[PDB]
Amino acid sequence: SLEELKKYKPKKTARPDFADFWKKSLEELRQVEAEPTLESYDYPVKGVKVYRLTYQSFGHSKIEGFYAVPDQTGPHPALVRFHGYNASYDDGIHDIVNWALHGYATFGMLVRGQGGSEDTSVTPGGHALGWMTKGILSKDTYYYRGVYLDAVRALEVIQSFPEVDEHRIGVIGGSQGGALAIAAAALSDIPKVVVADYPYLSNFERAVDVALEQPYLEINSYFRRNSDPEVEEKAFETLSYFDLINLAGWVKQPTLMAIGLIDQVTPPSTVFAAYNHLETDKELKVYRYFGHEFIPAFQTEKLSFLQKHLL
């Protein structure tokens, strides 16, 4: 039942050069000067100053997002917030401001291409409607390579802000956001804490047999349009470099996760898989009656978690 799920630890797909690909990709990122930029932005709020933050990342694409700071003498604890797949509305400015009102200097990084950042990477060949399969035929060209690296830089940028306490930076997000939170934490020692609501991009090879809704199906859709058995092999190969089950091993920050047992977008199994590959101070909140949706009960859970580690 859910007993078999608590025990599920798929086999990892990481390839021999897993660490070298990421070490090499971090070295390309280091190659690009951040050139951070700040610009005050007016919003109807009291006790919080809002800014437009800009910096340069992998491939020289310009990343953007709103940066809200508690209107009070710092230094402050900080949060880098990551939005969901194709679910960024008005740059999620309202959520960002609210986080700042909670006492966190928080930056909502917009995911290149979807949110309002720039994706500089060429599109090698055809792919299914969406971002999931863009550059899927090579880990060098894969969409999430750039985005993952953008997350790391996000942390590098804010960490340098005088108002930010570099030792009290948290990384949070839901679905796609949760995956970026984990990936970032796995690739960077900057974040002190991790909060992922039902994380995405996890256990691709199973998520494909079990998901009943977009956008894990984009992969299936891609394979329907490209039947080449070699294509499928290469695709799953490049996907393993970004799969949470392979990155979870590198996370040593205390991390809190959530999952709804009727979630059809991000199937419970895929989330448990990720969780069971974490070997760090961790916890998984399980909600029997919720799917891929805002879970009230968990909200208050992560507020405590964050307060107890960052405030």
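When you see a residue number, it is the position in the sequence shown, counting from 1.
The deposited model assigns a higher average Cα B-factor to 31-39 than to the other stretch when 31-39 and 256-264 are compared. Higher average CA B factor: 69-77, of the stretches 100-108 and 69-77. The entry lists C-alpha B-factors for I158, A183, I219, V194, and the highest of these is at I158. Going by the entry's values, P229 shows the largest Cα B-factor out of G135, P229, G177, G130. The entry lists a Cα temperature factor for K12 that places it in the middle third of the chain's modelled residues. Split the chain's modelled residues into thirds by C-alpha temperature factor. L278 is in the middle one. In the PDB entry, a CA B factor belonging to the middle third of its chain's modelled residues is recorded for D189. Compared with the other modelled residues of the chain, the Cα B-factor recorded for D165 ranks in the highest third. For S121, the recorded CA temperature factor ranks within the highest third of the chain's modelled residues.
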